[PDB]
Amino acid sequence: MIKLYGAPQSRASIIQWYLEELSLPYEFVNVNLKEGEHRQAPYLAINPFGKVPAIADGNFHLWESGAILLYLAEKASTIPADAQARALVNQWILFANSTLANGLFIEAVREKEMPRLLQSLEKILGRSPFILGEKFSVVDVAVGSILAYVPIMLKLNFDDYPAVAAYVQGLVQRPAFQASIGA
């Protein structure tokens, strides 16, 4: 089974949420960041930048939460099988990891970026239950995780974005979310 390297409150909970959505087992391995275990030789051989999460799938090692989510989605046969179909999923994973997370969490840009990001997501989420349409996907794990952390870390709410609020409320109540980020 997949070995998942994580730490308390890390993005390994996002990977665990997706592994739970796929009903896949995993061996969770805590890396003690407080004691600098991520900066020691064994963990630096998994991720040379000393960051969690990372996975081991047999002899294959992979780091960057976004690349792990894409690899797991591909392995579970949840993406059609063409460069354009994978590109659309890659787009949203990169957006969650760069454009979205920076616009919401960087104080210097939050005033201009956050209303615009939320407004565009609101329009999409007002037309379909999930980001790619009727079905929940790895995109919802990638984007939804960032949005669910907004109340938790910024003490902000989605009162002016009712479709984003209802989307996040629905994600936070999923049993796989409760078995991972909600635990």
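From 1 onward, residues are counted along the sequence shown.
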Checklist outcome for this item: Of 92-100 vs 75-83, the stretch with the larger average CA B-factor in the entry is 75-83
Checklist entry - What stretch has the higher average Cα B-factor here, 14-22 or 155-163? => result 155-163
Checklist entry - So among 134, 27, 64, 140, who wins on Cα B-factor in the entry? => result 134
Checklist outcome for this item: residue 69: CA B-factor among chain residues, third -> lowest
Next on the checklist: Based on the deposited C-alpha B factors for this chain, I'd like to know if residue 55 is in the lowest, middle or highest third.
Outcome noted: lowest
Item to check | Record-listed C-alpha B factor of residue 120: chain third | outcome: lowest
Next on the checklist: Looking at the temperature factor on the CA atom of residue 40, which third of the chain's modelled residues does it land in?
Outcome noted: middle
Checklist entry - Considering only modelled residues of the same chain, in which third does the CA B-factor of residue 1 rank: lowest, middle or highest? => result lowest
